[PDB]
Amino acid sequence: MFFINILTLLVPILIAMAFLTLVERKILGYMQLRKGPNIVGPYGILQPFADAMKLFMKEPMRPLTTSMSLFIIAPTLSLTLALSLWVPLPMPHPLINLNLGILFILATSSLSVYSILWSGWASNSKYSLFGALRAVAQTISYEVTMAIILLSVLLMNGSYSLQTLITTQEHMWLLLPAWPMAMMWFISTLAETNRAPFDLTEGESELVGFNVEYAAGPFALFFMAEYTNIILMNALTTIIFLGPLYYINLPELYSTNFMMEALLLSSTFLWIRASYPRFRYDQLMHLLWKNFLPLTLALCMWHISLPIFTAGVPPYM
Amino acid sequence: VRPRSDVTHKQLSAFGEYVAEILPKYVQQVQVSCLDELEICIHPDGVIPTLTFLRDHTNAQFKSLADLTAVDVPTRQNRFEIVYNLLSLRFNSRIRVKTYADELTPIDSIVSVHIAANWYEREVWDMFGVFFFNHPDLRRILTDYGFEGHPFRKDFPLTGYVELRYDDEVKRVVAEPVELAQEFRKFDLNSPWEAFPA
Amino acid sequence: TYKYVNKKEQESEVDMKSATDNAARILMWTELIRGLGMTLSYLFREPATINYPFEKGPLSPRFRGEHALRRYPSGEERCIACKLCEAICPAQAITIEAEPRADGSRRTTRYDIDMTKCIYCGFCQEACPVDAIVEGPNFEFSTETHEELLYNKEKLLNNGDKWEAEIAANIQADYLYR
Amino acid sequence: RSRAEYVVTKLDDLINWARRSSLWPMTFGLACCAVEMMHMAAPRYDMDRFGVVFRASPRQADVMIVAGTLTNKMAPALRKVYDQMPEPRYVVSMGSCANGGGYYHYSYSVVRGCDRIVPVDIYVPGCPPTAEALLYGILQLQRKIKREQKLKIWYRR
Amino acid sequence: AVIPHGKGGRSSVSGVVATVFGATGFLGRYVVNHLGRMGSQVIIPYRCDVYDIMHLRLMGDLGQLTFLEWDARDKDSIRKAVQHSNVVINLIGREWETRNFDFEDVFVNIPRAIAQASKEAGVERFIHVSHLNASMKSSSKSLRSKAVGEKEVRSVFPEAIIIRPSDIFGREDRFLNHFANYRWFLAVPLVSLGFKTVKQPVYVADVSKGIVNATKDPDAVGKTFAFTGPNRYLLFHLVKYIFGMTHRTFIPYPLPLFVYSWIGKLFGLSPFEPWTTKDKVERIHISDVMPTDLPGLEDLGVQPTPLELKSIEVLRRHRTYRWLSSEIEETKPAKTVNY
Amino acid sequence: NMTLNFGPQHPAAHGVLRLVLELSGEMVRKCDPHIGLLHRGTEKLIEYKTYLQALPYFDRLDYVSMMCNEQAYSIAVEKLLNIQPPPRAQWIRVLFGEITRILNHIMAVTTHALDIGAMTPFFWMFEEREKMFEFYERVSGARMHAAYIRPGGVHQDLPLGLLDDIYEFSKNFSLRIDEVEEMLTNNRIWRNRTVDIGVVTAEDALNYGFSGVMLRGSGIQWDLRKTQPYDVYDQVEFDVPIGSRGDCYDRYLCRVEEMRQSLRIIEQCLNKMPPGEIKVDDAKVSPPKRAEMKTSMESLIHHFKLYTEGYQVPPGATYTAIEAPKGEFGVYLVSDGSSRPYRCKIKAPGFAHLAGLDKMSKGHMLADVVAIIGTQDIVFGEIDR
Amino acid sequence: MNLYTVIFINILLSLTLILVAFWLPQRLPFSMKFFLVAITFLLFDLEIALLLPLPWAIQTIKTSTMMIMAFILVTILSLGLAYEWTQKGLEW
Amino acid sequence: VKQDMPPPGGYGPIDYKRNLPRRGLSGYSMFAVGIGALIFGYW
Ligand SMILES: NC(=O)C1=CN([C@@H]2O[C@H](COP(=O)(O)OP(=O)(O)OC[C@H]3O[C@@H](n4cnc5c(N)ncnc54)[C@H](OP(=O)(O)O)[C@@H]3O)[C@@H](O)[C@H]2O)C=CC1
Ligand SMILES: COC1=C(OC)C(=O)C(CC=C(C)C)=C(C)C1=O
Ligand code: SF4
Ligand code: SF4
């Protein structure tokens, strides 16, 4: 039965991963006055499966100058961490509820920065190394504010367990309070998934770095990873800040609304991509260290003070 | 028949005399075409001096270099005819200063007078082979890295002498003497009858 | 007449109201939200794409497309080998050699348009006195092998016979203009 | 149906469909034919609909469309990019400049065709080969990819 | 015939219309290269899908290379291929007896039918290629079967040239790559510790040029040339040398062949192109025969090219980033054995 | 300095560009652009081709502004022949010249964004661009590479429905500029990527021979369309959009304004196009009409000679510059009395601009260089010629 | 264990893909800025640590000391940032 | 006689100037919205 549940979480998520790609190629399309992929299958539903098969069949190329492990470990790690982070998520019931759940999600995300570092060193070509170094920096920087923004949340939730927020948000979303950080969580979620406004990790016009030497099966695995993440981080926004209504008698309206909010915020980063030009490498770090980190550290203190003098210290457990 | 204003053919003509007078050491001929265009002609040594006077003279400011080109009249002893076309945004007029250079008698470079010429002078060396002294970095611009011969010279075959194909044996692109599958049909077009006195 | 773009006519001194409006613009990304609205708007517009095989992008009569050699209604090929179509071709594409046919008429023994050499200028359409060589409407003649693209008299005459009905309609529509 | 032959015919039909449906092209971008495809990528004749990627790096590209003249200075590169593309790979030569030398055939700086440099699968004709015309050529590549029977040949080899 | 006009390069004519049935091969690729360079008309019968023969298209010029669909079991396909050719070159061969084709077929059965038709057609000359040192009694079924063929084809086609090349040295060859690829194997077995099986490699091009020159020379009729090489080698130096350029450790450990023929049997069972072959193994330890015979290279006009000279290009792909820049001069040469 | 080349295949390299960059860290200290990857021999081939059969070559030098390019050759050859195009033809060349500047600017603004990372502006305008080519195709038969503007006059009269269709496109086009206007002109992300990048001072721009929006962007007031009015640019009213400071933003804003100003010029041309002939009536220069050559001997002789031999323009030389969308496009045509030219130096606004990349991209990141090439609107056909 | 079960399936799923992916088909880039960032990053990462126990420390009976401590930590690091800005650091 | 020409009286007028609309909520009012959310949310 546990395996059944393991399958129920991973298989559906992976399929959702696939169709996000399709949805990204139609919502971007209609925004740009074009139908998008509808000719393969009915309305393009078979389109995600089609290139998956093309990608796996095409010859995986191992560059003459390339490590053969820091090359194959990197996509395996990227898919493994991203699919793994869906293990401890309240929907509303988590598969493996962990008392220090949010620290698990923060730690597992942090490990993905390596895959970028390992792939860049493994390729042994200049475009890859330059891209990886800037990339690791972006990801790491957007971790420092990412973590502090969560610590502010937790202090108003009382615990690290993601399951507690379902009881914290039984009367109001944590967006109303703490909206200023939501925005800053959303922008940081956009950076950590290397999506558009912050896609310098792999700029195309700039260094066509992460998958330069990655084609076919390796390309796919990170690829899959990114999109699953795209969902996971959006889903974490939909639990931590937008709290779906929870009724203990019927648990699925929680998941039904979790479904609706996650899809809309997942739709939002698709909409962000088409709408904005990409930021400069330093313009990106200028935002986090200058614009956001002082806002986050100060609002972090406000969230240690709001509890005490408003006699609202949250109940542990 | 095009409309022609003689106001210009007079203005430009006068200027020509003015330039000539101011720079008599180098100006050999100064003509105005029937198309109202002035074309001071200078000894090759006057390249630096004549340009500078035009770039920096209150009564003749010719700030930008429209173009530097070299017609090649093979008959002419001095094969190339370096032509510099300049524009004066202040006086809304253009002038052309043209000099003569043979294959192995280099011309001075004007990169100092106008930095626009940094590239065009490299273009003239690559295509025609004229050399420009004091050029910051003269090196082929348009032709292939290993190209031998100056292409726009009238004595260079259009198709050229080398063409490229990929050879499997050597797994690398390889020049071979040009072998064309339909030679350029050289239609003779000149008519045996003249048009006017000109 | 000139026009300054990006020239600030004067120094509006900050007024709290102004400052707030601005600070709000930086803090709550107001203009960024403006941009998102524009793309959401089109998402709702009808897409302009056409089903390519089923629907075709419109081409009017002068479209040059693919070369064809026409024939008189009687059945006598129009070309009389004056060979100025060869003379005015910019790319040297058309190769024509001729000899007096048995009938005694002038005709081309070999007419070869190298389509890879041709740059579809449409001057040949222009130059022909009998208008034997025409720019036919078809643009879809992509070929697996390079040799197929080279076209001799028989392919062009066959191309002419296949598309004669539309070529005649197209020339009918545009001849007054020429 | 039951026959090791039928299973091997159906499965390539599957393998061929995947390659056919998702061709990620890589355009070098020489001369002007690249524009006449930027029009194919554009809304009147979307290519994505057909499963075509607007921009794909060489290592992730199934099809190379050579648009424009291949000069004798870009030849040594085209071959490199063709050589560095993943194995399943196809070339579409667009423009009379690329499939044959076109205007500029007799030039000393232009390779008379990309077929001399890279093996070419479909030749799309026209000075600016029309954008439908490229789309017909890409669709002709898809007809060529459907006909290929790699698994059948391995079975009866 | 076709009077030879031109300057000598592509887009020129040499007048050799030649069916070449096994062109897709490693040797083949080279044969079509020169034939195409010279300007000869080359008909390439092929069975593999068009995708795989694309590499042959750019070779040769337009309308100079023609590809025909052909099946070995179907006699009619061979019939039409040689219809309009005046030179037929046979390079049909394999190392692994495939499910539907036996060594006899690939070497003796098929290469007969082919020359047989060629005669019916009236082709001026047929060149048949069989492996070097091929006794009708040689151990490897392959070599013996090949020997069987060179005899037969002479009765189907008299005065048919029979070049008999040694194992070939070239990029994409086996002789050189096989050993270099033993890297995956931690240890590199070598029967008799790689001794007493002196081997003389021959560059592929030399072989190709030689073959081509045959097509355009009256001196070769019924000749059984033997393209051999510029220097012989005990398998030991060869193996190490290879590993030397590849810059990968060399660990020669002797392996009793009786057991090794079994290893060949193992990979041989592989469905997808067994990497080693029982018939291979024997061949590898089958000593190169001595050079007393109608000479090949040089005799046919090409001076052999030493192995060390081009080895760098063949073995480069097997090096690691660390050694990629390394050059031949840095490395040492192997030693020959006039024995 | 970690030398790295911006190799041709990369999308930001316009297909052919090998910018040898010296990366002092991510900051780039020197650029040595290696053009020549698309040199076709355009100017050595023209010497072997008659004046009409060399027109087509001029549609392929800058391949995004075809007709304005072929208006520079047409004006040159016309000068050397002391012939002037008929009144209707001159308006048609100005009508098609501004459709080309809208077409080039949609190319330059949207592809610049494609390089920076904004993808939607390209798709919205490119649909508006095929609407425009249709106008080329409906008047010449070629979507691009028309050959419509002939050395004397233009080739064929406008079809009877084109001016109504050009009104409907121009009527609704401005909203389309307004729409990318909102999506890419105030985005802090665009401004940051474009503002204060590649500033070029006024005197430096004149000295480097920039001569284009690059000249106007830094505040120098020069438009060959008003200063030296070619064709009818003396009878149409427009405002040159001079920018103030020179950052890549002011240059973008200028390009967006010129699209708007061109709609003002297109409006005037549709409102005031004269009834008349489209090509000069001298059979010696412009080919005789199809009916005339098939009924009058003097016309067949003139058609035969013009197509087979040529105009035989009188001996002379001229440099004629027109304001092509990129900048000043000029042809220095030297002519012997022969029907085929002797020299044709195509001045390319772009050979000068690309030279400026090293000076303009000073103290700038790898990413800034992508913007610097984008703001020069460089098409390598014109530079390589 | 339950987690172990999930994770090994997770690695298995990824190793399966790469394996099929490889089986079905049948020098001196340095800028102190980059190093400097990494450093700053840990100085901040360590601080994140000293700040992580704050959810448990909220419930501490003291409260006054808690906040007095936490506010001092956040303020002193932020000043570190302040000097990073003031100095060329953070100015890439 | 019949040639493609502007309609009699000329065509209508075409807009070229930017028509970007300055439509938005005033800044003070805007701040209040977010501030109010926080103020209430905290309570
Ligand atoms: N080291 C060497 O290479 C040596 C080779 N030789 C001889 O030279 C010849 C060429 O060798 P090489 O090129 O390496 O051989 P390959 O393994 O490269 O194959 C040669 C060609 O034969 C074709 N072929 C093989 N089996 C069949 C079949 N049953 N029906 C139809 N065609 C077939 C193949 O076509 P496809 O792949 O399409 O089936 C291939 O193109 C061989 O015959 C060999 O006996 C002699 C001495 C040394
Ligand atoms: C508009 O300027 C140019 C581009 O950049 C946006 C290019 O991408 C390209 C080529 C691009 C590809 C890959 C189609 C060309 C030719 C060009 O002119
Ligand atoms: S012009 Fe017309 S008629 Fe004269 S040859 Fe060319 S095609 Fe035949
Ligand atoms: S083919 Fe015609 S269009 Fe394509 S590049 Fe050569 S010239 Fe430009």
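Sequential numbering from 1, following the chain as shown.
Determined by electron microscopy, 3.2 Å, according to the entry header.
Even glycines carry a Cβ here, placed using N, Cα and C.
According to Swiss-Prot:
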- C:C79, C:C82, C:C85, C:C128: [4Fe-4S] cluster 1 binding site (BINDING)
- C:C89, C:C118, C:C121, C:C124: [4Fe-4S] cluster 2 binding site (BINDING)
- C:70-99: domain '4Fe-4S ferredoxin-type 1' (DOMAIN)
- C:109-138: domain '4Fe-4S ferredoxin-type 2' (DOMAIN)
Under 8 Å by Cβ from C:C124 ([4Fe-4S] cluster 2 binding site), same chain, sequence gap 6 or more: C:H67, C:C85, C:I88, C:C89, C:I94, C:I133, C:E135
Cβ contacts of C:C82 ([4Fe-4S] cluster 1 binding site) (under 8 Å, same chain, 6 or more positions away): C:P129
Residue pair C:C79 ([4Fe-4S] cluster 1 binding site), C:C118 ([4Fe-4S] cluster 2 binding site) - Cα distance, angstrom, rounded: 19
Residue counts (helix, strand, coil, in that order) that DSSP gives for the domain '4Fe-4S ferredoxin-type 2' (C:109-138): 5 helix, 10 strand, 15 coil
Sparsest-packed among the binding-site residues, when each Cβ's other Cβ atoms within 10 Å are tallied, from C:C85, C:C89, C:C118, C:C128: C:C128
Helix, strand and coil residues within the domain '4Fe-4S ferredoxin-type 1' (C:70-99) as assigned by DSSP: 5 helix, 8 strand, 17 coil
Listed in sequence order, residues not in C:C79, C:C82, C:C85, C:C128 with Cβ within 8 Å of the centre of the [4Fe-4S] cluster 1 site Cβ atoms: C:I80, C:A81, C:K83, C:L84, C:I96, C:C124, C:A127, C:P129, C:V130, C:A132, C:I133
Neighbourhood of C:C121 ([4Fe-4S] cluster 2 binding site) by C-beta distance under 8 A, where only residues 6 or more apart in the same chain count: C:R64, C:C89, C:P90, C:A91
Binding-site residues near ligand 3 among C:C85, C:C89, C:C118, C:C121 (Cβ under 6 Å): C:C85
Chain-mates of C:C89, C:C118, C:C121, C:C124 with C-beta within 8 Å of site centroid, [4Fe-4S] cluster 2: C:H67, C:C85, C:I88, C:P90, C:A91, C:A93, C:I94, C:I113, C:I119, C:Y120, C:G122, C:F123
Nearest-integer angstrom distance between the alpha carbons (Cα) of C:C128 ([4Fe-4S] cluster 1 binding site) and C:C118 ([4Fe-4S] cluster 2 binding site): 16
Short-range binding-site residues relative to chain D, from C:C79, C:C89, C:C118, C:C124, C:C128, with Cβ separation under 8 Å: C:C118
Binding-site residues, contacting chain F; criterion Cβ under 8 Å; candidates C:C118, C:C121, C:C124, C:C128: C:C121
